[PDB]
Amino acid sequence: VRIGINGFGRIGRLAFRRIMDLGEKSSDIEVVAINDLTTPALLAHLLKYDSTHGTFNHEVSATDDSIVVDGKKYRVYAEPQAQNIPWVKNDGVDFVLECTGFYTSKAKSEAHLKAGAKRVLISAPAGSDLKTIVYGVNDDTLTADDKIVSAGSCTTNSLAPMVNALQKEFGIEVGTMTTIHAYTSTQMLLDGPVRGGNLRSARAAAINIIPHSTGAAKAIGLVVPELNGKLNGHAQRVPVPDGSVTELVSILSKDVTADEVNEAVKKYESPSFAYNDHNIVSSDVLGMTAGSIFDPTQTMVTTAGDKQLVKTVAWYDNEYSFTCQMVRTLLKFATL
């Protein structure tokens, strides 16, 4: 299965890295081509050198129209409109990993199907008229039939395993989320006009706490249908370049203790959902490959009379945790 990566951004590049570094374990798939808005020279440089995830342990260079890794060539295009990228005919692209941020719906990502690609996995929420898959939570809903699929967001991936565990073990009546989240490239380096015009998005990212909207909690029903309508929340964007944490405050159907909550959630531990009691901080999270890293040291159950609130917290490398999830889904997708 021949993969075209649309948008060699943070996610597109890390997906390239993860696929290659899985080696044997990613045999069914291989990246064959890439599309962006820039030179092969720059794409190769950014794959090689990463300010947050370190230097790629391979030999990378460019030609006039490709990047080269360990001797193998990967074609690079600069086609702003997806139906125009000729990588099916040129490169045998079967499958698009859509990571530009500009095709986040079924309608839009049809452009790749017009281009002759067979399947698209979108690196973002892309609406409710397709499936959203969080690997480890509802990847068994995925079939070979599916043409265009969403991998959700980083926050979706951080949240779904934790709420899945809580729902199955205790039941969630209602809940509200705050994710303390790294800055991303939708934000501004310094205060100035920002695409979309949001007064907070416009503010210098690496010197402010900036409240942000997020639909991750609100849309959780696409992944965990039982919690439809039960959750909401928001984000605070803070000055780290990567590394994020999701807090959830729930009313559960049963009276619990922190220890009982921790014990129940540990039952769900997996490559997708880690359990980490080592008193870590955000920079230790970088490079972790689970989609969500539950932190039992932050669990807090607050009780007065018959009323009880349950706070549970999971870390995530918003870039790399998400990427590794996408790759898990990609590998399953391929095995179909």
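Residue numbers here begin at 1 and follow the sequence given.
Engineer: For the stretches 49 to 57 and 305 to 313, which has the higher mean C-alpha B-factor as given in the deposited record?
Structural biologist: It is 305 to 313 that shows the higher mean C-alpha B-factor.
Engineer: Taking the recorded C-alpha temperature factors, which stretch has the higher mean, 148 to 156 or 177 to 185?
Structural biologist: Result of the comparison: 148 to 156.
Engineer: From the list 270, 276, 38, 283, select the residue with the highest C-alpha B factor recorded in the entry.
Structural biologist: Largest recorded C-alpha B-factor: 38.
Engineer: Take the CA temperature factors straight from the PDB entry and tell me which of 213, 232, 244, 90 peaks.
Structural biologist: Among 213, 232, 244, 90, the PDB entry lists the largest C-alpha B-factor for 90.
Engineer: Please rank the C-alpha B-factors of the chain's modelled residues and tell me whether residue 110 sits in the lowest, middle or highest third.
Structural biologist: Highest third of the chain for residue 110's C-alpha B-factor.
Engineer: What third of the chain does residue 69 rank in for C-alpha temperature factor, lowest, middle or highest?
Structural biologist: CA B-factor rank for residue 69: middle third.
Engineer: For residue 119, does the deposited CA B-factor place it in the lowest, middle or highest third of the chain?
Structural biologist: Ranked within chain, residue 119 CA B lands in the highest tercile.
Engineer: Quick check for you: using the entry's CA B-factors within this chain, is residue 221 in the lowest, middle or highest third?
Structural biologist: Ranked within chain, residue 221 CA B lands in the middle tercile.
Engineer: Using the B-factor values recorded in the entry, state whether the Cα atom of residue 266 falls in the lowest, middle or highest third among the modelled residues of its chain.
Structural biologist: CA B-factor rank for residue 266: middle third.
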